[PDB]
Every structure is written in C-alpha cells, then in structure tokens.
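Some notes on the structure that comes next.
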Amino acid sequence: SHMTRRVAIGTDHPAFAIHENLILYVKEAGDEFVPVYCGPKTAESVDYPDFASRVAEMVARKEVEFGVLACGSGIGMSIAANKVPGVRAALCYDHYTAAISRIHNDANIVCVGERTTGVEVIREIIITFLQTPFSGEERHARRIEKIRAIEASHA
Amino acid sequence: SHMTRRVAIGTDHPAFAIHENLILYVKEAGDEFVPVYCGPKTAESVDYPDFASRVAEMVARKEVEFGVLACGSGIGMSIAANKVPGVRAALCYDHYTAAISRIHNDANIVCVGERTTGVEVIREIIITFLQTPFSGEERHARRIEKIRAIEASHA
Amino acid sequence: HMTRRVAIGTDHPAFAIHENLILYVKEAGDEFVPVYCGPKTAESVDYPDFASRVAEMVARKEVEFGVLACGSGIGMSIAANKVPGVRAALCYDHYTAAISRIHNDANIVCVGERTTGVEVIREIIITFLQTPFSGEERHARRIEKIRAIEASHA
Amino acid sequence: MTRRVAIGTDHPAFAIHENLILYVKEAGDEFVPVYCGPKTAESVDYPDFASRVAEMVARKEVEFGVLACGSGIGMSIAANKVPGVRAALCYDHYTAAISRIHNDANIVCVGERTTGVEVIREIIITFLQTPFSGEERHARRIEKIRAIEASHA
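Residue numbers (the entry's author numbering), protein chains in the order written: chain A, -1 to 153; chain D, -1 to 153; chain C, 0 to 153; chain B, 1 to 153.
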C-alpha cells in the first residue's frame, strides 16, 4: 500500500544527539514516510552546511520528497539549504510555523533547533510538517513561482 | 562620529501594518543605524518575494549593510531572501535566535512574522540583531564560507 | 447540549485585540459563546481587576472557561491562579494550549498581546477550547494535589 | 549577600536538573542553587515539588525559585496557589525579563519538553539578573494580587 515518500534527515554535531528522535518522528507522521538518514554517523565534529547540502540536493532532484535538518537553532540549516535551487527550507519552532510553511509555501524542508526547541515540540513540528498539504491557492502558487524566478535570475 | 550603517526594510501586506514600528526599532539599535524603507507604500496587495528580492539585492550589493524583512510568519521572506547570493537571512522569533544568527552565521537579514510575533518581541529581535557582532571564530567563518561554496556550485 | 460559555478579559494593551479574542472563541465552534468582561474602553486598567473578574466566574461556574490577555500573559496567569478552583495556563503555541488541557484540565488560557501575534493567539484559543482532558489517573491525581495546596492555605 | 535559589523538577525535567543548578551559578557568584527536586529518576508528581519550592519562597527561606516540568505550566499553576508566590512561565528572554520588571516575579517556571536547554539557560540567567522596575503602577498591581489572595484566606 502507499507511495513511499522518502524524507532525508541531516544534523550538525549538537543535533546528532537527537538523530534517532528525528528518524522516529518522521515515521510517526505516517506509514508512507520513509526516513533516509544522511547525517553524521558519529559524534565527530562536523560543519552543518555539508549536511544541509547533502539533504537539500536530494530534495532538489526529488530523490526524496522532503528533508528534515537539525542544528543548534535551525537557522544555519535553513540558510544553507535554501541556497540549493528547488529547495524551500522553513525554520520552524512551533505547530503554527510547521503548518503555515506547508500551506503557504509548500515547503520541502523543515529546519529545527536542538538547543532552542525541546523534543516534544520538534516531534510536533515534524509530524505537522509532514501531514499538512499545500493550500492549492493561486496567490501561494504565484509567490512560489516568484521564488523560482529569483533563483533563475542568479543561475 | 560613527560610520553610517543603512538598514533596508521590506514587508508584505499583513506586516505593512507594522512598518513604522520596524523603522523605529532599527533607530533604537543605535544612532549609527539608518533605516531605508523599501516596502509597500500602501495597503495594496503584494507578493512577499518582490520585497524580499528588493531588500536582498540591496544587501548583496552593500547598498545597505543589513536588512529587515517582515511577512506573516517570517518564513517566506527567509526562503526568498536566501535565494540571493551573498545573503544570509535568519528567521528570528526571540532574543536567542536574533543573537545567535549574528554570533554564529553573521546573518545580514533578519526575518520576522507579524502574525506570529508580537511587536515588543519584534523590537527586541531587531535591536538584538543590530547590536550583536559576529563571533569571529574559525569554525563559524569556515561554515559561512561553505555556504558561499554552495552558492558558487549553483551559479 | 447547552453551549459552553467563555469569559474574556484584558488589560489595556490587550484591549486592542479584544474583538479578535471574541472572534476566535466563536471560531472554535458554535458550541462556544464568548462573554466579554474586559475593559469597555481604552482607559487605564490594572490587569488583576480583570483577571479576578474572569477567574471568579470560572471558579463559581458561571462560565466553563476563561480567556485572559495582557502584555505577556504572565500577569494574568499569576493573578487568576490566586482564585481557588482556577487552573490558569500561560500558553504561547499550540503544544502548550493542548497540553494544558490534556494534562492539567486547564480552565483559563492566558496570552500575551505584546509577545504573541494574533494568528497564533487564535490557534491557542481554538486548541485550548477544543482539546479534552486526558482522563488519566495520574493527571487527575496531580490536579487533586493542586486542590490540596489551595485547601492547606484556606 | 547570598541570593539563594531553590530548584525543583518533575520526572521528565529531572534529566536537566544538573543544567538548572549550573545556570543558576552562571548568573553570578552570589546566586546559590539549593536543589530540592527529585534525587532519582523515580515517578513523581510535580505539585509536590512545586509546593516545596514555593513554600520556601513564600516563607522567605530563599529569595527565588526555579521549577521545571514538561511544559512549565503545571509548575506555574501549582506554585502560584501558595500565597506570596508570583510564579512566571517563561519561554524566552523577553518573558524572563518582563516577569521581573513588571511583576517582581520570584519563581521561574520552564518546560523541559518544550524549551531547549540553551534557551532555559538564558531564561534563568535573565530572570535572576533582571531587577524589578519599582514603578508605582507595577507595585499597585502586585498589591492587587496580594488582595486577591487575602480575599480568599
């Protein structure tokens, strides 16, 4: 049953401590969702852009449909990921932002902070993000297309 | 005395209601800061990416040193602004994010949500963003340079 | 199948959103009726006078729930919880709104107008009113402990 | 003068009790934490720890409290049932500061499931370091809270 919707996951070093939580939260959104962990495999020092880039590139080719990125605050992951054309990476810190990133911006990557946001709210963020459809409205689609034109104008 | 530091400001339609607040909060960060309002001039309908692009291009050229973007949640502005090379636009919702986006990521645009974040916290965000210096640390600079290598790899 | 009354009060900064708070109660469903008790005007007011008015309504059961707003929400939650029978929850997001119900059977939601934007206030109100109490024994036990603290100072 | 800070948790927040002790000390050498929370990972009911800390504050045995549970809210409802206590649910710097500035809050309540530890640190430091405004309208409101408590005693 289902079309498999793969979700690539990456972290930095402080968020490596919650990488198994992120895997689990992705599966809790629904049985169609399959996590693909791309993050650091150990507690060694890492630079978040390297994992943002790995995830974001998978998202942009649609090797996976969605990404989940975690760092200290989420901010660094959101800046790095959005540098990949085709990506719409949303820094989410609550239910509202998780849902609205989907509804308005059809976001494809959710970025969270391990040092900022407690794990039960991260859970709620991921699940909300992965359960929430895009609105379908003309103005939202138009705005998203405008982002694509910004990318095209710098390519 | 001082070097003048210009700060470009842009909004969408819901955040046009607070554009005078944004101008004020930028001046309160210190008398070297000079706001340059680039956002909508009336309550007319707008698409946030048009103003994200305007502010982000100004920052990327260094017509201004910093930008402030406001929309519903902040998220659209961050996604759009980050599509301009040279921009590092941070979605901030509290003091900690405002500070850390400077300390770790040397962020040059601060993005806030008028529907999500009350004005006294938007104030605190802007002021904190504009008074907080970049850490200087080797690992933070190295990561920021990896962000630029992401942009160059798609140029 | 009575409707469910929801008393509402504010301080002066949150008077600017008193119409939004009435609206969001109604948006939680036709079974919820707002009862506005807050300042009628933009005059100076002290939050505890409105916290007390709402909280007394909840504690006597003239309403089922309360909504309080001030600058940050915190003032209201401190004041309202000084009335016995009140469990007033400062909420700032969906999770807090929901969990205050689930775990604490909270009867008053407090929000900040200076801190929290109106669409998240909306979500908080709607979630608070729609979410049921867990019914679980450990939560009921903890809530009974809170009542034992009030009774030890009555 | 030593400013003492009593600390309590529930079971989920027991996981960060060492953090809480640390962040209090990080607010200045004069702040001393007094850990009153559960000593192990056993089951507990937050109102029992809220009551412990809140009575210490209300009877002037310590100047401040810090209470942590899942969300912070249980602690803040429980603690505020003790007369003399002004317990503030804080989730960021602004709330931590303003609770002091406006309400001279004496207990800070935080959520371990909701707020990451580096923000909890900021909250604790800011709460302990920020002074009460002293302004007449704040003092009047705080005395109104005491009158609510006195009207139900």
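Beta carbons are placed, not taken as given, at the ideal position from N, Cα and C, and that holds for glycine.
| query | result |
| --- | --- |
| Would you mind sorting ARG100 (chain A) into buried or exposed? The rule is 16 or more other CB atoms within 10 Å of its CB. | buried |
| Mind listing which residues of the region 80 to 92 of chain A have their C-beta closer than 7 Å to chain D's C-betas, in chain order? | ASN80, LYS81, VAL82, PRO83, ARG86, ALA87, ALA88, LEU89, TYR91 |
| Determine the chain A residues that contact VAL119 (chain C) at a beta-carbon separation under 8 Å, and present them in chain order. | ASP92, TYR94 |
| Would you mind sorting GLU18 (chain A) into buried or exposed? The rule is 16 or more other CB atoms within 10 Å of its CB. | exposed |
| Just to confirm, are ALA68 (chain C) and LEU20 (chain C) a CB contact at a threshold of 8 Å? | yes |
| Report buried or exposed for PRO47 (chain C), applying the criterion of at least 16 other Cβ atoms within 10 angstroms of its Cβ. | buried |
| For residue 156 (chain D), which residues from the same chain have a beta carbon less than 7 Å from its beta carbon, with the 5 sequence-adjacent residues on both sides left out? | Any question about residue 156 (chain D) goes unanswered here, given that chain D covers just -1 to 153. |
| In whole angstroms, what separates the C-alpha of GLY65 (chain A) from that of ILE120 (chain A)? | 14 Å |
| Quick check: is the beta carbon of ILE124 (chain B) nearer than 8 Å to any beta carbon in chain C? | no |
| Mind checking the region 32 to 51 of chain A against chain D and listing, in chain order, the residues whose C-beta falls within less than 9 Å of any C-beta there? | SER43, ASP45, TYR46, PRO47, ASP48, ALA50, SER51 |
| Report the neighbours of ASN103 (chain D) on chain A: residues whose CB is nearer than 7 Å to its CB, in chain order. | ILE73, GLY74, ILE77 |
| Just the C-alpha distance for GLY116 (chain D) and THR130 (chain B), rounded to the nearest angstrom, thanks. | 21 Å |
| Please decide whether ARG141 (chain B) counts as near chain A, where near means a Cβ-Cβ distance under 8 Å. | no |
| So, at 7 Å on beta carbons, what are the nonlocal neighbours of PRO33 (chain C) in its own chain, with the 5 sequence-adjacent residues on each side left out? | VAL5, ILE7, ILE21, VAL24, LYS25 |
| What residues are listed by DSSP as bridge partners for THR9 (chain D)? | D:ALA68 |
| Under 8 Å between the Cβ atoms of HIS93 (chain B) and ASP92 (chain D)? | yes |
| Identify the continuous alpha helix (DSSP H) that holds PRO33 (chain D) and give its terminal residues. | Here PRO33 (chain D) belongs to no alpha helix (DSSP H); instead the beta strand (DSSP E) covers 31 to 35. |
| Below 7 Å on C-beta distance, what does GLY111 (chain A) contact in chain B? | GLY116 |
| To the nearest angstrom, how far is it from the Cα of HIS152 (chain C) to the Cα of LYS81 (chain C)? | 11 Å |
| Kindly indicate which residue of D:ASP104, D:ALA27, D:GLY74, D:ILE125 has the alpha-carbon position closest to the one of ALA13 (chain D). | D:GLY74 |
| What are the start and end residues of the alpha helix (DSSP H) that includes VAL119 (chain C)? | 117 to 129 |
| So, at 6 Å on beta carbons, what are the nonlocal neighbours of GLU149 (chain A) in its own chain, with the 5 sequence-adjacent residues on each side left out? | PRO83 |
| Cutting at 6 Å between CB atoms, please list the residues of its own chain near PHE49 (chain D), excluding the five before and the five after it. | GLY8, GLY37 |
| Secondary structure at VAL57 (chain C), three-state DSSP: helix, strand or coil? | helix |
| So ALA88 (chain A) is in the alpha helix (DSSP H); what residue range does that whole segment cover? | First-last for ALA88 (chain A): 87 to 89, but that is the beta strand (DSSP E), not the alpha helix (DSSP H). |
| Based on the DSSP secondary-structure assignment, which residues constitute the bridge partners of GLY111 (chain D)? | D:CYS69 |
| For the alpha helix (DSSP H) containing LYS144 (chain A), name the first residue and the last one. | 136 to 151 |
| Rounded to whole angstroms, what is the Cα-Cα separation between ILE77 (chain C) and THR114 (chain D)? | 24 Å |
| Whose C-alpha, out of C:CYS109, C:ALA15, C:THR126, is nearest the C-alpha of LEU89 (chain C)? | C:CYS109 |
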